[PDB]
Structures are given as C-alpha cells and as structure tokens.
Asker: 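This is the structure I want to talk about, given as structure tokens.
What you see below is based on every heavy atom in this structure, not just the backbone, and it leaves out hydrogens, waters and symmetry mates. Letters go in sequence order (proteins before strands), and every chain restarts at 1.
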Amino acid sequence: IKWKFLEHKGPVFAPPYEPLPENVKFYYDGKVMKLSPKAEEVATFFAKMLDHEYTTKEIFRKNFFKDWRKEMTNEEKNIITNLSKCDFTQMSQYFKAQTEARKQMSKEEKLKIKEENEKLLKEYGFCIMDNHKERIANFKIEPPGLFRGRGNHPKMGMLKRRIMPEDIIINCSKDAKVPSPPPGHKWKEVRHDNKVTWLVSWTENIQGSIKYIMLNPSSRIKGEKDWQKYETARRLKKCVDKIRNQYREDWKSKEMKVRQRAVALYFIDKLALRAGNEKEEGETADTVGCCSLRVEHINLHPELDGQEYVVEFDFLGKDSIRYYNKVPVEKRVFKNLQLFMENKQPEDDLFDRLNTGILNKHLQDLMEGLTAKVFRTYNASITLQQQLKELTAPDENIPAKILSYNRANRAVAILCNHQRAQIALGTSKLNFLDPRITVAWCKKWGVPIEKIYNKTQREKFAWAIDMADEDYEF
DNA sequence: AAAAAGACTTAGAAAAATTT
DNA sequence: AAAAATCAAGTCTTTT
C-alpha cells in the first residue's frame with residue numbers, strides 16, 4: 001500500500017490550437033496555400049523549430065514530413081510532395097515575433113499572467129493524500145508537438161498527438177470525489193489502486209509507453225523512497241568488501257558466465273557504469289550500458305602511455321552522452337576481457353551469456369534490495385563524504401569551505417559522467433548523494449544549509465535536514 | 001525463458017525567475 | 001528602467 005486516501009483535481013489539458021492570422025501565409029513551390037487547420041497546426045510545430053538543430057537533421061525532416069502528410073487533406077497530399085518546396089518562413093517569423101512581444105510585455109501584462117498561473121497552480125497543483133495537501137509535479141498534459149528524441153533517435157520529428165480526456169485514467173481513493181472531466185467528455189477509466197503512486201496516466205503514442213502524473217519530491221511518497229534508497233546504499237557499505245572479494249575470485253571461475261558477470265559487476269562497481277538494459281533494435285538511439293557493451297566499445301592495450309593493462313572505453317551512454325576513458329585494470333580482468341573478444345565481430349556483445357536480469361538476480365541473492373544502480377549511489381555518497389572530510393579546511397571560511405564542498409561535489413559528478421552543456425553537478429547533488437551527508441557537514445562546520453541547498457533542495461531534503469546531525473556517517 | 005507491460009528514477013535542455 | 005547573468009530515457013519489477 002501507498003496511501004489510504006487520495007483526492008485530486010485531475011490533469012490540466014493543453015490549450016486548444018489557435019489558428020494562424022490571415023495575413024500569415026504558407027508557400028509551396030512559390031504558391032500560397034491555405035493549409036487545413038490540422039495540417040496548419042502540424043506545420044506550425046515545425047515552424048517554431050526552424051531556428052533549431054532538429055530541423056536540420058534528415059531523420060527529423062523525414063519523420064516530420066511523413067507524419068504531416070498523414071494529416072493533410074487528399075488535396076495537400078497531391079500538391080505538397082517535397083519538403084524542400086515548403087516555405088515556413090513567414091509563419092516562422094510570426095511566432096518569433098510573438099516571443100518577443102512577450103519578452104516585451106508591460107509589467108501590468110506580466111503581473112496579470114503571473115497570477116493566471118498562480119490560480120492554475122493553487123487549483124490543480126495540489127492533491128490530498130491521506131490527511132495532508134501535497135504538491136503535484138507535472139499537473140499538465142504534454143502538448144501535441146514533434147518528437148525530440150535525443151541522439152540518433154530514429155523517431156525524432158514524429159508527431160506527438162494531443163491527449164484527450166478519453167485517454168486519461170484517473171487514480172484516487174474509493175471514498176474520494178472523482179475529478180470531473182471537461183464538460184462533454186469522459187475519462188478513459190477511474191481506478192482506486194492504492195498499490196501505486198500515480199494520480200493520472202495515459203499511453204503515449206510514439207513509443208506506446210504509459211505516462212504518469214506524479215507527486216513532488218517533497219511529497220511523503222517521494223521522500224520516503226529517497227530515504228530508503230540511501231539506506232539501501234548504506235547497507236551495501238557493509239558488505240561491499242565481501243562482495244568485492246567474491247567477484248574478484250569469480251574472475252577465475254571455470255565458467256565464463258560467472259566471469260562475464262564478475263567483470264561486469266567489476267566495472268559497475270569501480271566505474272559506476274549503468275546496468276545497461278537492452279534497447280529495441282532499430283527503435284531507439286544506439287546507447288549502451290555495462291551489460292550491453294559491444295566488442296567495438298573497448299580497446300585493450302597491454303601497455304598504453306606507460307600504463308599497463310589498459311582498457312579503453314568509448315561509447316554513448318544514456319542520452320547519447322559520450323563516456324570516454326582509459327582504465328588501468330587488474331591483469332586477470334584484462335585477460336578475461338581478451339577471452340571474451342575472441343571470435344567475435346565488432347557488432348558482437350562483449351558480455352554475451354549475460355544480462356541485467358542475470359546480474360541483479362545475483363546481486364539480490366547477495367543482499368536483499370541490491371541492484372546495479374545501488375552501487376552508483378553508494379559510490380557517489382561514499383566519495384563525497386570522504387572528500388568533505390579530506391578537503392574541508394578546519395580553519396577555513398564559509399566561502400572557501402563552500403568551494404571545498406564544490407570540489408568534493410565535482411569529484412562525484414565526474415565519476416557518474418554528468419554533463420550539462422560540461423561537468424554538471426546538479427544531478428549528483430540531487431540524485432546520488434545522501435543529503436544527511438551535507439546536512440551533517442553543514443552543521444559541523446557552521447555552514448548554513450541555505451548556502452548549499454536552495455529552498456527547493458531544502459524542501460526535498462527536509463527529512464535529512466532534520467534527522468541528521470554532526471555525528472552522521474554514511 | 002523472454003517479451004511486454006507497468007511503475008518510477010534519472011537526466012539534460014529549455015523556460016522562467018546584478019549590473020548598466 | 002532595461003538588460004545581462006545566474007519538461008525523454010534509464011532501471012527494475014510484474015505480468016506468452
């Protein structure tokens with residue numbers, strides 16, 4: 001069970017499409033064309049993106065073009081046969097204009113809309129779970145638009161349709177007032193499932209996956225999980241030595257399965273690589289994790305730049321972000337890696353005979369609740385605490401001790417390979433480091449938590465900012 | 001077994017909020 | 001005052 005009582009207002013639907021001005025026109029092969037409202041709409045999605053890299057990719061253009069046609073009238077399909085002949089510039093300029101006519105709004109104008117938001121937020125921004133009012137994260141349905149898959153996503157540019165109330169499944173307690181859909185519509189369904197944390201859900205058309213509207217990080221339901229997550233990583237702190245010794249000997253198992261997984265658990269542990277689940281062949285971008293690594297992703301070098309037994313990783317992790325690195329590994333592992341490459345083609349799997357189900361299944365037998373990801377959290381958390389104790393000058397000053405924090409904080413962002421656009425510290429600070437670690441340190445050094453965590457971070461980590469003191473040790 | 005379906009974490013980018 | 005700086009894609013759990 002996740003809650004005994006649950007009441008809410010339901011999702012906020014996307015604004016209906018507002019038709020283009022008569023003065024704003026579309027040109028095809030030099031001629032003007034009053035596009036049907038549905039074909040006009042899709043075209044606008046494209047227009048508002050003409051200033052974006054997405055419109056230069058040939059996958060986007062083809063996906064967009066194909067999907068656009070599926071909306072045109074039988075006549076537009078006869079005429080508009082070449083994207084290269086479509087002129088979205090006038091249209092493009094109108095929205096660009098609109099944006100500026102927004103950057104350039106009067107204070108009275110701005111104030112008016114700020115308050116139009118405040119009413120939406122105060123109305124659909126909260127729900128009642130059990131006895132308290134909680135904050136809802138994504139209370140508005142994702143608007144129709146073109147798919148922005150990261151990387152070489154083969155589905156980028158595909159149309160993301162408008163979600164009707166008839167696609168929405170509502171979740172709330174049996175004793176709750178069911179949120180009424182917009183007048184003249186019905187919800188897809190209304191369930192009273194108290195084993196789940198979502199309030200709303202609908203199936204997304206491009207992948208065919210379920211989308212949910214869930215609570216806020218500061219919600220109980222979210223915070224409790226977070227607390228638990230670090231606990232689980234703390235328990236690993238206790239048996240990692242047992243665990244590291246055990247796989248370290250599995251490197252010599254007379255069974256390759258056992259070795260493939262021990263080398264994998266090795267990388268995951270030492271390098272913080274993600275489990276690496278399998279992605280549908282030709283339906284997602286080609287990114288890989290530890291398990292899914294292919295032969296072509298690593299290069300071994302008996303000696304490299306002086307170093308000996310160097311495995312060179314070069315691949316695109318999650319979000320097609322590149323993970324490049326030269327790692328000096330232990331001989332036995334280096335050799336196993338060669339054993340695993342024999343008779344394989346570049347496109348072959350390094351760790352054939354091994355997967356995340358197998359790996360985690362194993363991990364669980366070793367410690368209840370242990371999974372690949374737990375290593376990352378643990379490694380990150382243990383890293384930050386070790387560094388906060390090593391770089392924090394005793395007689396330094398708040399600002400410099402804050403720089404100290406930042407340096408300790410960045411050592412972690414490097415481990416996980418967090419890159420904004422480079423080294424992004426936000427995610428580790430919000431997702432992998434036990435808040436109690438910073439809370440303690442702050443309290444110990446007299447550095448105000450407000451100096452490190454901002455108000456929201458404090459809302460989120462509130463549980464930690466109260467239950468952890470100057471004696472906290474992960 | 002293994003895919004599909006389902007539920008929730010994690011992630012970077014894009015939108016929104018001190019100095020001349 | 002005006003302008004310049006500072007909301008897809010994994011993992012892991014369940015269900016032909």
Asker: Name the closest nucleotide to the A/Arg148 side chain, picking from B/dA14, B/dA11, B/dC8.
Answerer: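 That would be B/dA14.
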Asker: With the side chain counted from C-beta on, respond yes when A/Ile358 and A/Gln260 share a heavy-atom pair under 4.5 Å apart, and no when they do not.
Answerer: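 Not in contact.
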Asker: Of the candidate nucleotides B/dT9, B/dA7, B/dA13, which contains the atom at the shortest distance from the side chain of A/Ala421?
Answerer: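 The answer is B/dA13.
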Asker: Indicate, yes or no, whether a donor-acceptor pair under 3.5 Å links the base of B/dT10 to the side chain of A/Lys318.
Answerer: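 Checked by distance alone, the answer is yes.
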Asker: What's the closest nucleotide to the side chain of A/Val196 if the choices are B/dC8, B/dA13, B/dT10?
Answerer: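 Closest nucleotide among those given: B/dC8.
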Asker: Between C/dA3 and B/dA13, how far apart are the P atoms? Round to whole Å, please.
Answerer: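 Looking at atom P only, B/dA13 and C/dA3 are 28 Å apart.
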Asker: Would you indicate which nucleotide in C/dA8, B/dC8, B/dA11 comes nearest to any side-chain atom of A/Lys160?
Answerer: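 Among C/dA8, B/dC8, B/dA11, the one nearest the side chain of A/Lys160 is C/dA8.
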Asker: What's the gap between B/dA1 and C/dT15 when it is taken at their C1' atoms, as a whole Å value?
Answerer: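 To the nearest whole Å, 14 Å.
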Asker: Which whole number of Å gives the distance between the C1' atom of B/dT20 and that of C/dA4?
Answerer: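 Looking at atom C1' only, B/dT20 and C/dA4 are 9 Å apart.
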Asker: Watson-Crick or G-U wobble partner for B/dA16, using a 3.5 Å limit on both distances?
Answerer: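 Across any shown strand, B/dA16 pairs with none.
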Asker: Side chain of A/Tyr212 only, heavy atoms from C-beta on: which candidate in C/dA9, B/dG6, B/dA16 is closest?
Answerer: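 The nucleotide sitting nearest to the side chain is B/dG6.
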Asker: Given the P atoms of C/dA5 and B/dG12, what is the spacing between them in whole Å?
Answerer: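 Taking atom P in both C/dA5 and B/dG12, they lie 25 Å apart.
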Asker: Under 3.5 Å, side chain of A/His153 to main-chain N/O of A/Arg150, donor-acceptor pair present?
Answerer: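 Answer holds: no.
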Asker: Does a nitrogen or oxygen in the side chain of A/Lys195 sit under 4.0 Å from OP1 or OP2 of B/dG6?
Answerer: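 It does not, given that no N or O in the side chain of A/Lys195 lies less than 4.0 Å from OP1 or OP2 of B/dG6.
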Asker: How is A/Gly289 classified with respect to the nucleic acid when contacts are heavy atoms under 4.0 Å: base, sugar-phosphate, or nothing?
Answerer: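 Touches nothing.
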Asker: Rounded to whole angstrom, note down the P distance from C/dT6 over to B/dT9.
Answerer: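 Going atom to atom, P in each nucleotide, I get 33 Å.
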Asker: Think A/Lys222 has a side-chain N or O under 4.0 angstrom from the OP1 or OP2 of B/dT9?
Answerer: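 Yes.
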Asker: Taking C/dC7 as the reference, what is the distance to B/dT10 when you measure between their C1' atoms (whole Å, please)?
Answerer: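 Looking at atom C1' only, B/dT10 and C/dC7 are 13 Å apart.
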Asker: With a 3.5 Å distance limit and no angle check, can you tell me whether A/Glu40 reaches the backbone of A/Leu20 through a side-chain donor-acceptor pair?
Answerer: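 Present.
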Asker: Do any N or O atoms from the side chain of A/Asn216 and from the backbone of A/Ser219 form a donor-acceptor pair under 3.5 angstrom?
Answerer: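 No, because the side chain of A/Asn216 does not come within donor-acceptor range (under 3.5 Å) of the backbone of A/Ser219.
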Asker: When you get a sec, tell me which of B/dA7, B/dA11, C/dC12 is the closest nucleotide to the side chain of A/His418?
Answerer: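 Within the option list, the nearest is B/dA11.
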Asker: Identify which nucleotide among C/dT11, C/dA9, B/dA7 has an atom closest to any side-chain atom of A/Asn277, counting heavy atoms from C-beta outward.
Answerer: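 Looking only at heavy atoms from C-beta outward on A/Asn277, the closest nucleotide is C/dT11.
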Asker: If a pair has to be Watson-Crick or G-U wobble with both distances under 3.5 Å, does that hold for B/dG12 and C/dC7?
Answerer: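 Check passed, canonical or wobble pair found.
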Asker: Between C/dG10, C/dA1, C/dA8, which one does the side chain of A/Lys107 approach most closely?
Answerer: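 Side chain of A/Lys107 sits closest to C/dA1.
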Asker: So, for A/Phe46 and A/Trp68, is the gap between ring centers shorter than 6.0 Å?
Answerer: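 Judged by ring-centre distance (under 6.0 Å), A/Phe46 and A/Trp68 do not meet the cut-off.
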Asker: Checking contacts here: which listed nucleotide (C/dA9, C/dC12, C/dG10) is nearest the side-chain heavy atoms of A/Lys279?
Answerer: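 Among the listed nucleotides, the one closest to the side chain of A/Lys279 is C/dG10.
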Asker: What nucleotide, of B/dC8, B/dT9, B/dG12, holds the atom closest to the side chain of A/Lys229?
Answerer: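 So the nucleotide nearest the side chain must be B/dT9.
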Asker: For A/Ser201, answer base if it contacts any base atom (sugar-phosphate contacts may also be present), sugar-phosphate if it contacts only those atoms, and nothing otherwise; contact means non-hydrogen atoms under 4.0 Å.
Answerer: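 It contacts nothing in the nucleic acid.
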Asker: On the nucleotide B/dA16, are OP1 or OP2 found under 4.0 Å from the side-chain N or O atoms that A/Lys110 carries?
Answerer: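 So the side-chain polar atoms of A/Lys110 never come under 4.0 Å of the phosphate oxygens OP1 or OP2 of B/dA16.
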Asker: Within the 4.0 Å heavy-atom criterion, would you say A/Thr287 contacts the bases, only the backbone, or no part of the nucleic acid?
Answerer: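 Result for A/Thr287 = sugar-phosphate.
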Asker: Would you say A/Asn431 reaches B/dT10's phosphate, i.e. side-chain N/O to OP1/OP2 under 4.0 Å?
Answerer: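 The answer is yes; a side-chain N or O of A/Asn431 sits under 4.0 Å from OP1 or OP2.
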Asker: Paired with B/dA3: which nucleotide, if any, by Watson-Crick or G-U wobble criteria at under 3.5 Å for both distances?
Answerer: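 In the structure as shown, B/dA3 has C/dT15 as its Watson-Crick or wobble partner.
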Asker: Let's go through A/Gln457 and A/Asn454 carefully: what are the C-alpha distance in whole Å and the side-chain angles of both, what is the deciding distance for side-chain hydrogen bond (donor to acceptor under 3.5 Å, both in side chains) to 0.1 Å, and is it a yes or a no?
Answerer: CA-CA 5 Å; A/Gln457 297 180 218; A/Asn454 71 56; 2.9 Å; yes
Asker: Under 4.0 Å, heavy atoms only, any strand: does A/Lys103 hit a base, just the sugar-phosphate, or nothing?
Answerer: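 If one applies the 4.0 Å heavy-atom cut-off, A/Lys103 turns out to touch nothing in the nucleic acid.
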Asker: Base, sugar-phosphate or nothing for A/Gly149? Non-hydrogen atoms, less than 4.0 Å.
Answerer: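 If one applies the 4.0 Å heavy-atom cut-off, A/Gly149 turns out to touch the sugar-phosphate alone, with no base involved.
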Asker: Start with the C-alpha gap between A/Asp51 and A/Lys96, add the side-chain angles, then the distance that decides, and say whether salt bridge (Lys or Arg N to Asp or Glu O under 4.0 Å) holds.
Answerer: CA-CA 9 Å; A/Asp51 63 352; A/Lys96 279 197 180 69; 5.2 Å; no
